[PDB]
Amino acid sequence: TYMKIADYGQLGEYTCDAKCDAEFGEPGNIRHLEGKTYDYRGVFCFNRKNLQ
Amino acid sequence: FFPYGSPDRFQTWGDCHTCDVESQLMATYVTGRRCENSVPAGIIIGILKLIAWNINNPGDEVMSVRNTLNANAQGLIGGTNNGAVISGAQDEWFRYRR
């Protein structure tokens, strides 16, 4: 499992002067992904008579 | 004689559905001939002799030829009483016997 940074998002505007205030902007997003592992197998056999 | 010099060997090493043993050696031929393809005669005379023997031996008359010379074991009347041999069919069919 691993994390992913979706987007940083906008934080802070070019606000005017003489304004005792500010704007919360918009927070980003951080997703949390994960992935499995798959297996690969098979079979093969003989007759043990020609093998000798 | 199968020529020991092999022309190819198409083997299939490694398998679990048939365990790759072998497909057996097979052979095709003909044992035919001409428009006179075969003759079942020659072995018809023993058949006819067996027929006549079974006509004139319905099964109550004691008939027995002897194989071994000394005796069998006990006081019994030998024995070969079979048919197709006391009539001459076996020694006429032996000509077509391997």
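Laboratory data are not the source of any read-out in this text; all were calculated from the coordinates shown. Every residue, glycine among them, receives a Cβ derived from its backbone with ideal geometry; neighbour counts consider all protein chains shown.
Under a straight-distance cross-link criterion of Cα-Cα below 17 Å, which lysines are reachable from A:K36, leaving out those fewer than 8 residues away in the same chain?
Within the straight-line limit of under 17 Å, A:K36 reaches these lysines: A:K4.
Would you compute, from DSSP H runs of 4+ residues alone, the mean residue ellipticity of chain B at 222 nm, taking -39500 (n - 2.57) per run and dividing by the full residue count, rounded to the nearest 500? Don't skip to the end; give the middle numbers.
Values: 2 runs with 15 residues, N = 98.
Taken over chain B, the calculation gives -4000 deg cm²/dmol.
In the stretch B:1-58, what trypsin sites (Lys or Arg not before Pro) fall in a loop by DSSP, with at most 12 other Cβ atoms inside 10 Å? Provide the component values of the computation, followed by the final result.
Numbers: sites: B:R9, B:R33, B:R34, B:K49; in loops: B:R9, B:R33, B:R34.
Within the stretch B:1-58, the qualifying trypsin sites (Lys or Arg not before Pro) (loop, at most 12 other Cβ atoms within 10 Å) are B:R9, B:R33, B:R34.
As an exercise, identify the chymotrypsin sites (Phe, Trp or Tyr not before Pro) in chain A lying in DSSP coil whose Cβ has no more than 13 other Cβ atoms within 10 Å. Don't skip to the end; give the middle numbers.
Values: sites: A:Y2, A:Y8, A:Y14, A:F24, A:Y38, A:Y40, A:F44, A:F46; in loops: A:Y8, A:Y14, A:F24, A:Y38, A:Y40, A:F44, A:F46.
Passing sites in chain A are A:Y8, A:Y14, A:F24, A:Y38, A:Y40, A:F44.
Between helix B:45-55 and chain B, what is the angle of the helix's C-alpha long axis to the longest principal axis, kept within 0 to 90° and rounded to the nearest 10?
With both axes taken from Cα atoms, the answer is about 40 degrees.
Exactly which GluC sites (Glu not before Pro) in the stretch B:23-98 are in a DSSP loop and have at most 12 other Cβ atoms within 10 Å? Walk me through the numbers before you get to the answer.
Working: sites: B:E36, B:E61, B:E92; in loops: B:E36, B:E61.
For GluC sites (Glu not before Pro) across the stretch B:23-98 that sit outside H, G, I, E and B with at most 12 neighbouring Cβ atoms in 10 Å, the list reads B:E36, B:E61.
About the Cα centre of the protein assembly as shown, how large is the charge dipole given +1 on each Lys and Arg Cβ and -1 on each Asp and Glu Cβ? Please answer in debye to the nearest 20. Before the final figure, lay out the partial values.
Working: 15 positive and 17 negative charges, 344 e Å.
The calculated dipole for the protein assembly as shown is roughly 1660 debye.
Can you tell me the dipole magnitude for chain A around its Cα centre, using point charges on the Cβ only (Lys, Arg +1; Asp, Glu -1), in Debye to the nearest 20? It would help to have the intermediate numbers written out before the result.
Working: 7 positive and 8 negative charges, 242 e Å.
Magnitude of the dipole: close to 1160 debye.
Build a GNM of chain B with springs between Cα atoms under 10 Å: which of B:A41, B:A27, B:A73 gets the top mean-square fluctuation?
B:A27
For chain B, give the magnitude of the charge dipole about the Cα centre (Cβ charges: +1 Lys/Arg, -1 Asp/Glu; no others), in debye to the nearest 20. Could you put the intermediate results ahead of the total?
Numbers: 8 positive and 9 negative charges, 89 e Å.
The dipole of chain B has a size of about 420 debye.
Could you pull out which residues in the stretch B:72-93 have an amide N less than 18 Å from a spot 7 Å beyond the Cα of B:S38, following the Cα-Cβ vector?
Residues B:93 fall inside that zone.
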